[PDB]
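As structure tokens, the structure follows; a few thoughts come after it.
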Amino acid sequence: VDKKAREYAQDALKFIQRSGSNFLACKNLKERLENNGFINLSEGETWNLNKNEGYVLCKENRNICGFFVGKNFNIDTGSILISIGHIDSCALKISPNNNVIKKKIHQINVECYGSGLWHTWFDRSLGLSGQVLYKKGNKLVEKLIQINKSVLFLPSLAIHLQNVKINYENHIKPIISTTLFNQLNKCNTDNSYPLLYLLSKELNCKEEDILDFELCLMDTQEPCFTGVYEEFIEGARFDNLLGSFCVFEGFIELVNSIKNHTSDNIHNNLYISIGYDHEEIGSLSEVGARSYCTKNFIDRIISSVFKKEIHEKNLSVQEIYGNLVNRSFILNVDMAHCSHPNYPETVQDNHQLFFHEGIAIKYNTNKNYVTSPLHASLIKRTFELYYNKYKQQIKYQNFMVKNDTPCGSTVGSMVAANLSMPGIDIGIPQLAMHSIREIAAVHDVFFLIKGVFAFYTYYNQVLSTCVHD
Amino acid sequence: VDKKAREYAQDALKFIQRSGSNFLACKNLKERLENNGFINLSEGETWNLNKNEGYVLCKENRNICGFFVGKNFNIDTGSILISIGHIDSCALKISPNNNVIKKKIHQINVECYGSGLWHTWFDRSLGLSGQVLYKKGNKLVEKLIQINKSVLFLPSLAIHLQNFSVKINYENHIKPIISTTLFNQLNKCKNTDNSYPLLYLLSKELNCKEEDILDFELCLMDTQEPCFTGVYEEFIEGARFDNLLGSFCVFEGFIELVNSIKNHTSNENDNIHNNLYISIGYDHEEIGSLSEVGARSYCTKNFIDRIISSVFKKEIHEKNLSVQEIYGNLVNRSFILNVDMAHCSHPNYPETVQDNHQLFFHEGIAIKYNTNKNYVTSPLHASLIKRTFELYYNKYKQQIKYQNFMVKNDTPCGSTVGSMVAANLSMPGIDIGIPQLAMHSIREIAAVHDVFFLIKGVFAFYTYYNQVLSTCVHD
Amino acid sequence: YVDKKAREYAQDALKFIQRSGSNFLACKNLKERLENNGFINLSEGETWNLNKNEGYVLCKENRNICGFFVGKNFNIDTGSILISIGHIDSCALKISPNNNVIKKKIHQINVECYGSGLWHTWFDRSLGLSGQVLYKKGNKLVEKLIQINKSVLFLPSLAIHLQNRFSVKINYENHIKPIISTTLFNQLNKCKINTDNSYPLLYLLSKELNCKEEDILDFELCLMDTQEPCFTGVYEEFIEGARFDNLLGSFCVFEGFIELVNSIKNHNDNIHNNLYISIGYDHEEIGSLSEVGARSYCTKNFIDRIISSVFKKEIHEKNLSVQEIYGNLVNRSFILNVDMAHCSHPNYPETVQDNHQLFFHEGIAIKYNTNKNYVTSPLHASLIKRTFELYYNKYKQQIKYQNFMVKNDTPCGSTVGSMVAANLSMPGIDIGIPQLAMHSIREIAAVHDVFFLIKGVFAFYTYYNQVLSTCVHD
Ligand SMILES: [Zn+2]
Ligand SMILES: [Zn+2]
Ligand SMILES: [Zn+2]
Ligand SMILES: [Zn+2]
Ligand SMILES: [Zn+2]
Ligand SMILES: [Zn+2]
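Protein chains in written order, with PDB author numbering: chain D, 2 to 164, 172 to 195, 274 to 349, 365 to 570; chain C, 2 to 164, 170 to 196, 274 to 352, 365 to 570; chain A, 1 to 165, 170 to 196, 273 to 347, 364 to 570.
Here it is in structure tokens:
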């Protein structure tokens, strides 16, 4: 129990270090699924899907979808079980025209992606992570890169020169080199020359060959364990790469439980794990939670899996989908606010979250969180079922912000509206959310992984124990 | 020069990494001097000094002073050449009563030492550095420790639980987290003024029981090691550059001069032998220098007085001269070269620079001028040091680049020890440094070439000052 | 009985405070207390031919007190200079040189606000006088220290009725102007030279000095509350009075010092090896910048002059230098700065640092500050805490202590500790006792704390050198 907790956190830290951007999160989660026997399914190909098989798809190399069609997945008693995460995080991203030269220093123009605590980005060893596009002969090559060396620095202004409000335009401009070193190394103009020198060396191409790029600035300080008892994990992108890790680990674990049982109710469901892009910016895109992509994927799965059923029983995709929705559920997973010891005015006295105290069941009146009491009562029952078999408890705690105070929104409600499925919003407690370096607790990583697993395994079973009004 | 500058920068980084606090910078500087054949000297022994000998002293293990008495140091033509730096930086230090328990989290009570940019300390992998006192039998053991693992964290409040503009309460919000009550209990199943998770960490590091730790002076320290940055590896980034980068340069400049004297003696088996060379690293600069180990202390004057008393014991008693008469004579040819970091021209804040006195990376030694004497620099004295750089160039064929600095007239700036030491010692002097950005932050940035220029400038000062003085024509 | 002794120290402290209504009278009373314990009065203007195993007392300008005892075996090799400090000035309303004010048929006195006092507390109090008077007697310029314990002056508040009724903003120049008489009574009395002085004031001063009004040349007089300090509380556990800051601390420095001297003069140890110093500086309340303040060269000169006398043979026969002997002794020397501390105020909890709260009867406040407003460093406080432990081992009486610090956001007052540490190149700590209402005409402290402080001073003097020999360096 304690051995497996640290193991998950160690694996979680390795995954976060390798996934410095949304693009690298897709690649890493895709490779993780490929290694568990998942088939690389594309959008621009005919879907000829088989039952008792897993499939993997990265839409635009920035949206991760993993799904497993159950051995005996049926229209009448089956469920579409979706657990969601988001593979994007707040970042400083390089602007299209980034060449800035002020006070003899070469700088990079950067965009402010998401509502980040930008002051934390100041005075940090910065690397790069993203997608680049370069000409190679007659082709347009897309390559995913990550520079783990410190090449950029966003310097603070000395206290001595002041009598703090950051201007996001003028003050957030990181330095890359000096005009002197740029001149010594020398001996389209919209791109910074020291940046193109770095990118050319990385891609093994000419500076001239670099066309366009989508790159995040990334702290080179690897995530690690903190505290005298090494009970804490600290690092960038915990929101929501720590959450997405737990979604995919719990999903992989269920797929392996099905594979393991093959080597009984667990065979009649469609199991989906999805890591969206564009969450930090409001989800409105083809790869974000508001996209038709998810609904289309489900329709395409239904069409392939029930090809004979729709033609023989005269059913439509819409008819099948409506039936499945009655037994379907969405478990949205995103980071939660741990009760801050230095800011007690921010916590609602009765809905306080503590480190190692388990999964945060997130409630919001204005439905910023999809959670409803009945749906949460069902998920708590799957954890009770997990406890009866595994003799291991899944810890939980209810969250809510103060009535007079506003809070952030999750994809839960967007996806629930789009798919017309019930759902709840969960996650694990963390501090400093939207900082370049956040902090979470080791046992909560364990609780979330087993929490997502217990949901996939027991939702359909709990559903049969229900008596309506 | 280009390869040498990178070698200097590498050594500077290693010294800054090994020195997470004033205590450790002073120990590392002492060891460096001993390794160069410097004799250990205690304040509590009779000083029976010799010419052509180097000595090292550590007042209270937080003040560092190195001195070399020239083979021909004399009352009539000699000079006292002093180069200063400071070994303290802005830091979050552990409070006497540090035990804090709020929202099921064990916290440590901390103090804000100096005028640091405290927001930069939030969300960092923090360790410890400094002095610890514990009982081992019937003895009070003083041990200097440095824990380079992440043990402490100052968490920011999330943006979601906030109504851009950053406003920190230094008492309430600067309280790092050490553990949960759960794990503290678990480890307890596997005086009260001190945090138990903290005593556990210290006792393990010292190899004593928890009840043994009496008192400690511990600096929280960024565990992220200083490194090189920029596409061309032309910048250095790390904590304590102010003033462990300047202090490193003072000591390397002083060691280089001593080695040149030792090599000159080995070669000639000339004017370099007639002076007393001193290099001092004070503590408490960040807090106004008022202490027994700070620039306002009587210690410096007392050390000079003791060297004079010893070295000129024959002349005092035979020629019937006093320490004061000898001191007064020497001071006429003496000089203080104060070294502290300067402000590079910030590319994102053009409103902060005085248009004609702008500093740039790799553009040399910053000659710091202030009208209110926040910097001791005077035109004549700057002129003299600028001539030592010319004499260096003539001989070693390497230019020591310089650049004049000043803040805008309507704007205030921080002071240096320069003027304090000049008043105390009755000596002339200047304020020099190297340009850096993000001063008083937990991670500052500087340039590689400047490190090279500073070391070469300190060596040039020590070598040519007395020579330069002999070419002066009075009014 | 420790409790009986605590009450006795407290009773003695109050009598001393009552008689010391100014820096001048604190100095005379502390000097007289030292002379009664067999200390030799020393003048700065005479050749110091000191003897070892003797106590000396000097009063620079009759406003700075210094007591010192030279140990029989005070030596260069193993000797320590142990200094305990207090300050003998307090916040006060002091008579201005041109004090003659006449408004609304009332004779008033022009006063200076000395130190950062809680001036509203000075209103509606029975005021007397304490200080120095200069007068001509034939061919002589006579200095005379006086104290008038009768209520002669009054600083009246303005009636609440004549105001908007509630907050109070005092104009230090306009509203701080005490009344001495009416023009009617001044006219009747003279009917029964220099116009810069209030005539009713010259009349008061001349009756006291037994001279003529025209003979009064100059004076440096503090206005002083005539209400004597006393015990308070249902159980008489508190002491209340003026000038606790820092005549209470200064009393405890000198009593600790007298107890040490008496322990040597018997009226492991290694007690005869040291030079023991007790000093009461003037001017702490205004920054300490004077020849009689803690920024003065006098302390360094006093030590140098002691070194010159006690080590005359080592200097003139063995060819040692004052500076060499000084440098050597500094390594084993220490400063115990004593000044009042802030007790946790029960009505203003927002002013306390939660983990560093001071409480009445709970011991000696060991005061910490990062900006070095207090000279205290964690290693040096540890050495002092150990002297208290050794005291307990011998006398089986505990010296309670409690750590103090202000909130990180909030600023605090400075002490003479860091000034003397830089001046003398010596280590040291800042201690004191908890009180409430610092800078008020009437402050309050606790009886048990008076006991602990006196013992803490004694224990430092007695055990520092012993504690120092038990130290293992890095
Ligand atoms: Zn999120
Ligand atoms: Zn977010
Ligand atoms: Zn500084
Ligand atoms: Zn500095
Ligand atoms: Zn005071
Ligand atoms: Zn005081």
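The beta-carbon is built from N, C-alpha and C at its ideal position, and this holds for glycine as well.
Can you give the Cα-Cα distance for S330 (chain A) and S90 (chain A), rounded to whole angstroms? For the purposes of this step, residue 330 (chain A) is taken as residue 250 along the third sequence, with counting starting at 1. For the purposes of this step, residue 90 (chain A) is taken as residue 90 along the third sequence, with counting starting at 1. Distance between the alpha carbons of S330 (chain A) and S90 (chain A): 11 Å.
Is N326 (chain D) near ligand 1, in the sense that its beta carbon is under 7 Å from a heavy atom of that ligand? Numbered from its first residue, the first sequence carries residue 326 (chain D) at position 240. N326 (chain D) Cβ: within cutoff of ligand 1.
Helix, strand or coil for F123 (chain C), going by three-state DSSP, please let me know. Taking the first residue of the second sequence as 1, we reach residue 123 (chain C) at position 122. Note: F123 (chain C) maps to coil in three-state DSSP.
Would you say the beta carbon of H379 (chain C) is closer than 7 Å to some non-hydrogen atom of ligand 3? As a first step, residue 379 (chain C) must be located in the second sequence, where it is residue number 284. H379 (chain C) Cβ: outside cutoff for every heavy atom of ligand 3.
Could you check where the beta strand (DSSP E) with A461 (chain D) kicks off and where it finishes? The sequence position of residue 461 (chain D) within the first sequence is 360, counting from 1. Per DSSP, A461 (chain D) belongs to the beta strand (DSSP E) from 460-463.
Name, please, each residue of chain A whose Cβ falls closer than 9 Å to the Cβ of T47 (chain C). Position 46 of the second sequence holds residue 47 (chain C). Here the neighbours are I76, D77, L416, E420, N424.
Could you tell me whether the Cβ of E320 (chain D) comes closer than 8 Å to any Cβ of chain C? In the first sequence, residue 320 (chain D) corresponds to position 234, counting from 1. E320 (chain D) counts as touching chain C.
With distances taken from CA atoms, which of A:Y283, A:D378, A:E539, A:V111 is nearest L192 (chain A)? Numbered from its first residue, the third sequence carries residue 192 (chain A) at position 188. The shortest Cα separation from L192 (chain A) among A:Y283, A:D378, A:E539, A:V111 belongs to A:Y283.
For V57 (chain A), the three-state DSSP class (helix, strand or coil): Taking the first residue of the third sequence as position 1, residue 57 (chain A) is located at position 57. The answer is strand: DSSP assigns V57 (chain A) an E or B state.
Among A:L153, A:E317, A:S84, which residue has its Cα nearest to the Cα of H544 (chain A)? As a working note, residue 544 (chain A) is residue 448 in the third sequence. The candidate whose alpha carbon is nearest that of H544 (chain A) is A:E317.
Return the residues of the stretch 304-319 of chain D that lie within a Cβ-Cβ distance of less than 8 Å from chain C, sorted by chain order. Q307, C310, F311, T312, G313, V314, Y315, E317, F318
Is any heavy atom of ligand 5 found at a distance shorter than 7 Å from the C-beta of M534 (chain A)? On the third sequence, residue 534 (chain A) is found 438 positions in, with the first residue counted as 1. At least one heavy atom of ligand 5 is nearer than 7 Å to the Cβ of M534 (chain A), so yes.
DSSP state of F16 (chain D) mapped onto helix, strand, coil: To locate residue 16 (chain D), count along the first sequence from 1; it is residue 15. Three-state DSSP puts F16 (chain D) in a helix.
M515 (chain A) in three-state terms, based on DSSP: Here residue 515 (chain A) refers to the residue found at position 419 when the third sequence is read from its first residue. Looking at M515 (chain A) - three-state DSSP - the assignment turns out to be helix.
For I462 (chain C) versus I525 (chain C), is the C-beta spacing smaller than 8 Å? Taking the second sequence and counting its residues from 1, the one referred to as residue 462 (chain C) is at position 367. Taking the second sequence and counting its residues from 1, the one referred to as residue 525 (chain C) is at position 430. Yes, the Cβ-Cβ distance between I462 (chain C) and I525 (chain C) is below 8 Å.
Tell me the residue span of the alpha helix (DSSP H) that contains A322 (chain A). Counted from its first residue, the third sequence places residue 322 (chain A) at position 242. Note, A322 (chain A): premise wrong, no alpha helix (DSSP H); not H, not E.
Bounding residues of the alpha helix (DSSP H) (the contiguous stretch that carries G423 (chain A)): The residue you call residue 423 (chain A) lines up with position 327 of the third sequence. Start and end: 418-426.
State the start and end residues of the unbroken beta strand (DSSP E) segment that holds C113 (chain A). Working through the third sequence from its first residue, we reach residue 113 (chain A) at position 113. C113 (chain A) -> beta strand (DSSP E) spans 106-114.
Determine the extent of the alpha helix (DSSP H) in which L564 (chain A) is found, giving its start and end residues. Locating residue 564 (chain A) in the third sequence gives position 468, where the first residue counts as 1. Taken as a continuous stretch (DSSP letters only), the alpha helix (DSSP H) holding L564 (chain A) covers 543-565.
Look up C195 (chain A) in the DSSP assignment and say whether it is helix, strand or coil. Locating residue 195 (chain A) in the third sequence gives position 191, where the first residue counts as 1. DSSP places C195 (chain A) in helix when its eight states are reduced to three.
Going by DSSP, what residue range makes up the alpha helix (DSSP H) through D400 (chain A)? Residue 400 (chain A) sits at position 304 when you count from the first residue of the third sequence. That run of the alpha helix (DSSP H) goes 394-406.
Which chain D residues are close to residue 617 (chain C), counting only those with a beta carbon under 8 Å from its beta carbon? Because chain C here runs from 2 to 570, residue 617 (chain C) falls outside it and cannot be looked at.
Examine chain C for any beta-carbon lying closer than 8 Å to the beta-carbon of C113 (chain D), and answer yes or no. Here residue 113 (chain D) is taken as the residue at index 112 of the first sequence, counted from 1. No, no contact with chain C.
Bridge-paired residues (DSSP) for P530 (chain C): The sequence position of residue 530 (chain C) within the second sequence is 435, counting from 1. For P530 (chain C), which the question treats as bridged, DSSP gives the partners C:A437.
Just verifying my parser: in three-state terms, what is the DSSP assignment at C302 (chain C)? Here the question's residue 302 (chain C) lines up with position 219 in the second sequence. Reduced to three states, the DSSP call for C302 (chain C) is strand.
What three-state label does DSSP hand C291 (chain A) in the structure shown? By one-based count along the third sequence, residue 291 (chain A) stands at place 211. Note: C291 (chain A) maps to coil in three-state DSSP.
Looking at C-alpha atoms only, which residue of A:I180, A:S392, A:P280, A:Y557 is the closest neighbour of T187 (chain A)? Translated into the one-based positions of the third sequence, residue 187 (chain A) becomes position 183. Of the listed residues, the one whose Cα sits closest to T187 (chain A) is A:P280.
Which residues in chain A sit within 8 Å of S536 (chain C), going by Cβ to Cβ distance? Locating residue 536 (chain C) in the second sequence gives position 441, where the first residue counts as 1. Within chain A, no residue comes near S536 (chain C); the closest Cβ sits about 18 Å away, beyond 8 Å.
Between the stretch 116-143 of chain C and chain D, which residues of the former have a C-beta closer than 9 Å to a C-beta of the latter? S116, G117, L118, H120, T121, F123, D124, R125, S126, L127
Give the interface partners of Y283 (chain C) over in chain D, defined as CB-CB distance under 9 Å, in chain order. Position 200 of the second sequence holds residue 283 (chain C). Simply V314, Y315.
Taking 8 Å as the CB-CB cut-off, is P445 (chain C) touching chain A? Numbered from 1 along the second sequence, position 350 holds the residue referred to as residue 445 (chain C). Not one chain A Cβ lies under 8 Å of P445 (chain C).
Contacts that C394 (chain C) makes with chain A (C-beta to C-beta distance below 7 Å): Along the second sequence, one-based indexing puts residue 394 (chain C) at 299. In chain order: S521.
Which class does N274 (chain C) belong to by DSSP, given the choice of helix, strand or coil? Here residue 274 (chain C) is taken as the residue at index 191 of the second sequence, counted from 1. Here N274 (chain C) sits in coil by DSSP.
Extent of the continuous alpha helix (DSSP H) to which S478 (chain A) belongs: By 1-based counting over the third sequence, the position of residue 478 (chain A) is 382. Looking at the DSSP string, the run of the alpha helix (DSSP H) that includes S478 (chain A) is 474-491.
Could you tell me whether the Cβ atoms of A322 (chain A) and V512 (chain A) are closer together than 8 Å? Within the third sequence, the letter at position 242 stands for residue 322 (chain A). Within the third sequence, the letter at position 416 stands for residue 512 (chain A). No, the pair does not count as a contact, with Cβ atoms beyond the cut-off.
Tell me the residue span of the beta strand (DSSP E) that contains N29 (chain C). For the purposes of this step, residue 29 (chain C) is identified with residue 28 of the second sequence, where counting begins at 1. Here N29 (chain C) belongs to no beta strand (DSSP E); instead the alpha helix (DSSP H) covers 23-35.
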